[PDB]
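**Q** Following this line is model06.txt, made up of compact mmCIF, C-alpha atoms:
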```txt
# COMPACT_ATOMS: atom_id res chain seq x y z
CA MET S 1 -6.20 -6.13 5.02
CA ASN S 2 -6.16 -2.94 7.01
CA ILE S 3 -8.29 0.04 8.02
CA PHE S 4 -7.96 1.49 4.51
CA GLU S 5 -9.16 -1.60 2.77
CA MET S 6 -11.76 -2.20 5.43
CA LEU S 7 -13.26 1.26 5.05
CA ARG S 8 -13.30 1.14 1.23
CA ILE S 9 -15.31 -2.05 1.54
CA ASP S 10 -17.73 -0.59 4.06
CA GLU S 11 -18.20 2.88 2.46
CA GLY S 12 -17.47 1.97 -1.08
CA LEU S 13 -16.05 4.50 -3.53
CA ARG S 14 -18.20 7.06 -5.31
CA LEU S 15 -17.04 9.93 -7.54
CA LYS S 16 -20.25 11.91 -7.58
CA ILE S 17 -22.33 13.25 -4.67
CA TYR S 18 -24.50 10.64 -2.96
CA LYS S 19 -26.61 10.16 0.12
CA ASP S 20 -25.33 8.18 3.09
CA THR S 21 -27.36 5.93 5.39
CA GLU S 22 -28.76 9.00 7.11
CA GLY S 23 -29.64 10.72 3.88
CA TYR S 24 -26.75 13.25 4.07
CA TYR S 25 -24.63 14.50 1.11
CA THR S 26 -21.39 12.50 0.90
CA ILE S 27 -18.65 11.82 -1.61
CA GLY S 28 -15.65 9.55 -2.34
CA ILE S 29 -15.18 7.04 0.50
CA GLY S 30 -17.70 8.36 2.91
CA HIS S 31 -16.54 11.96 3.12
CA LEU S 32 -19.55 13.83 4.57
CA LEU S 33 -20.16 17.13 2.78
CA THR S 34 -23.01 18.65 4.76
CA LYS S 35 -26.18 17.90 6.73
CA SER S 36 -28.00 20.51 4.78
CA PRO S 37 -30.84 19.45 2.56
CA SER S 38 -29.36 21.58 -0.11
CA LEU S 39 -27.31 19.87 -2.80
CA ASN S 40 -25.83 23.25 -3.73
CA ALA S 41 -24.73 23.62 -0.14
CA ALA S 42 -23.08 20.18 -0.74
CA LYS S 43 -21.38 21.30 -3.92
CA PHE S 44 -20.33 24.50 -2.27
CA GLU S 45 -18.68 22.59 0.55
CA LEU S 46 -17.06 20.25 -1.98
CA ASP S 47 -15.44 23.00 -4.08
CA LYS S 48 -14.01 24.48 -0.93
CA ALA S 49 -12.58 21.13 0.13
CA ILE S 50 -11.14 20.21 -3.21
CA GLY S 51 -10.15 23.77 -4.08
CA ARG S 52 -11.55 23.91 -7.57
CA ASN S 53 -14.87 23.98 -9.39
CA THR S 54 -15.90 20.37 -9.31
CA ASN S 55 -19.63 20.51 -10.23
CA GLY S 56 -19.99 17.61 -7.88
CA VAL S 57 -17.56 15.34 -9.64
CA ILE S 58 -14.00 14.49 -8.28
CA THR S 59 -11.12 12.29 -9.39
CA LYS S 60 -10.05 8.95 -7.70
CA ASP S 61 -7.01 10.80 -6.43
CA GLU S 62 -9.08 13.56 -4.93
CA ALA S 63 -11.16 10.90 -3.24
CA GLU S 64 -8.15 9.07 -1.90
CA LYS S 65 -6.93 12.39 -0.58
CA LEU S 66 -10.05 13.16 1.52
CA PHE S 67 -10.04 9.54 2.66
CA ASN S 68 -6.51 9.67 4.05
CA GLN S 69 -7.38 12.92 5.82
CA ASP S 70 -10.62 11.46 7.18
CA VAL S 71 -8.80 8.35 8.51
CA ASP S 72 -6.23 10.49 10.30
CA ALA S 73 -8.99 12.63 11.85
CA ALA S 74 -10.65 9.54 13.15
CA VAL S 75 -7.55 8.32 15.02
CA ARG S 76 -6.82 11.82 16.16
CA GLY S 77 -10.35 11.82 17.61
CA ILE S 78 -9.67 8.57 19.40
CA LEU S 79 -6.28 9.73 20.74
CA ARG S 80 -7.76 12.94 22.15
CA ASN S 81 -10.68 11.18 23.75
CA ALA S 82 -10.23 10.02 27.34
CA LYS S 83 -12.94 7.44 26.97
CA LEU S 84 -11.69 6.09 23.63
CA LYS S 85 -7.96 6.26 24.16
CA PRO S 86 -7.49 3.59 26.85
CA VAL S 87 -9.54 1.15 24.83
CA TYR S 88 -7.48 1.87 21.75
CA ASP S 89 -4.23 1.39 23.53
CA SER S 90 -5.37 -1.97 24.73
CA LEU S 91 -6.68 -3.55 21.48
CA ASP S 92 -4.62 -5.32 18.91
CA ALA S 93 -3.88 -4.20 15.35
CA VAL S 94 -7.00 -5.75 13.82
CA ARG S 95 -9.31 -4.82 16.67
CA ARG S 96 -8.10 -1.23 16.56
CA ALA S 97 -9.32 -1.01 12.94
CA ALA S 98 -12.80 -1.99 14.12
CA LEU S 99 -12.73 0.92 16.56
CA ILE S 100 -11.47 3.38 13.89
CA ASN S 101 -14.27 2.12 11.63
CA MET S 102 -16.85 2.99 14.25
CA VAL S 103 -15.31 6.44 14.84
CA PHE S 104 -15.19 7.09 11.10
CA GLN S 105 -18.84 6.05 10.87
CA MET S 106 -20.44 7.78 13.84
CA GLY S 107 -17.94 10.26 15.25
CA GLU S 108 -16.07 10.28 18.57
CA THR S 109 -19.07 11.42 20.54
CA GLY S 110 -21.29 8.63 19.20
CA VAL S 111 -18.73 5.99 20.10
CA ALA S 112 -17.87 7.19 23.59
CA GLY S 113 -21.59 6.68 24.24
CA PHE S 114 -21.07 2.92 24.09
CA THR S 115 -20.09 2.84 27.79
CA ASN S 116 -20.77 -0.83 28.51
CA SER S 117 -19.34 -2.23 25.27
CA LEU S 118 -16.19 -0.14 25.46
CA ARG S 119 -15.53 -1.35 28.91
CA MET S 120 -15.88 -5.06 27.90
CA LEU S 121 -13.57 -4.50 24.96
CA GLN S 122 -11.06 -3.05 27.34
CA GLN S 123 -11.24 -6.13 29.48
CA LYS S 124 -10.92 -8.34 26.48
CA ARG S 125 -14.42 -9.79 26.96
CA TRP S 126 -14.97 -10.51 23.28
CA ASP S 127 -18.24 -12.40 23.32
CA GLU S 128 -19.75 -10.15 25.91
CA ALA S 129 -19.08 -7.04 23.88
CA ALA S 130 -20.42 -8.69 20.71
CA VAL S 131 -23.73 -9.58 22.36
CA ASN S 132 -23.86 -6.12 23.72
CA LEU S 133 -22.84 -4.20 20.62
CA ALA S 134 -25.58 -6.25 18.97
CA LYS S 135 -28.45 -4.57 20.74
CA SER S 136 -27.57 -1.00 19.97
CA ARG S 137 -29.37 1.45 17.67
CA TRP S 138 -26.26 1.28 15.42
CA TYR S 139 -26.87 -2.41 14.89
CA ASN S 140 -30.59 -2.01 14.09
CA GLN S 141 -29.92 0.88 11.73
CA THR S 142 -26.86 -0.49 9.92
CA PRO S 143 -26.86 -4.26 10.66
CA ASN S 144 -24.78 -5.27 7.66
CA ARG S 145 -21.88 -2.99 8.54
CA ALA S 146 -22.26 -3.53 12.28
CA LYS S 147 -22.14 -7.31 11.93
CA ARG S 148 -18.78 -7.17 10.07
CA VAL S 149 -17.37 -4.80 12.67
CA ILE S 150 -18.77 -6.98 15.46
CA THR S 151 -17.20 -10.05 13.98
CA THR S 152 -13.86 -8.23 13.80
CA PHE S 153 -14.00 -7.35 17.50
CA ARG S 154 -15.23 -10.77 18.42
CA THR S 155 -12.62 -12.73 16.45
CA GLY S 156 -9.64 -10.39 15.89
CA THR S 157 -9.50 -11.63 12.30
CA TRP S 158 -10.44 -10.18 8.90
CA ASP S 159 -12.80 -13.03 8.21
CA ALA S 160 -15.95 -10.97 7.92
CA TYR S 161 -14.25 -8.88 5.29
CA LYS S 162 -13.08 -11.76 3.16
```
For this file, write the structure as structure tokens.
**A**
Amino acid sequence: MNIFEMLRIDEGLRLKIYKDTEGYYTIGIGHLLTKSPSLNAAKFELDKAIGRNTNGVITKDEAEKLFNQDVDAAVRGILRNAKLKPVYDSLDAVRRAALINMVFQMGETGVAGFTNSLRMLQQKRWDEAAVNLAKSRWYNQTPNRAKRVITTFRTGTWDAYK
């Protein structure tokens, strides 16, 4: 198990345009297309990302391509963020994946907002962060995904994903 497998599980894999948990146009393994209510704006963005006329359909390879790019952006976002970085550096291999998951899901800015939880993670206070992460809007809005991520941070195992 790893961030790649973890994310595929959490975002799933779709080859045609779909709406995310927020209602936004997405494709593949959670690649956001646009926040516009226009599906043509979505297609437009897609063609320009893929580099061909897709008509809102892509191949598995194309999907895997955006995915790999999206995963790298996430870590890059963590590494460039002064709030995120120090926590990253401190976590283990499994726990880091939980952090990348969160960044993938809500963006660097959304995550750095988790002041109290980030700090507990940093100090290796596993159960305290779990309790904490548990009362956030993220948890009430996407409880299924948050619970698996919370278990990962709490335990440092892939249990929740098995």
**Q** Between S:106, S:32, S:63, S:71, which one has atoms that come closest to residue 141 (chain S), using all atoms listed in the file?
**A**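 Result for the nearest residue to residue 141 (chain S): S:106.
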**Q** Excluding region 145-151 of chain S and its own-chain neighbours fewer than 3 positions away, which residues fall within 10 Å of it when counting all atoms listed in the file? Please give them as a count of residues only.
**A** 33
**Q** Let me make sure I understand: among S:21, S:38, S:52, S:5, which one has the smallest atom-to-atom distance to residue 143 (chain S) if we use all atoms listed in the file?
**A**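 Ranked by minimum distance to residue 143 (chain S), first place goes to S:21.
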**Q** When you count all atoms listed in the file, which of these residues is closest to residue 56 (chain S): S:27, S:93, S:82, S:118?
**A**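 Among the listed residues, the smallest separation from residue 56 (chain S) belongs to S:27.
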**Q** Let me have the centre and edge lengths in Å, one decimal, of the box along x, y and z around every listed atom of region 65-79 of chain S with 6 Å of margin on each side, as AutoDock Vina command-line options.
**A**
```
--center_x -8.4 --center_y 10.7 --center_z 10.1 --size_x 16.4 --size_y 16.8 --size_z 33.3
```
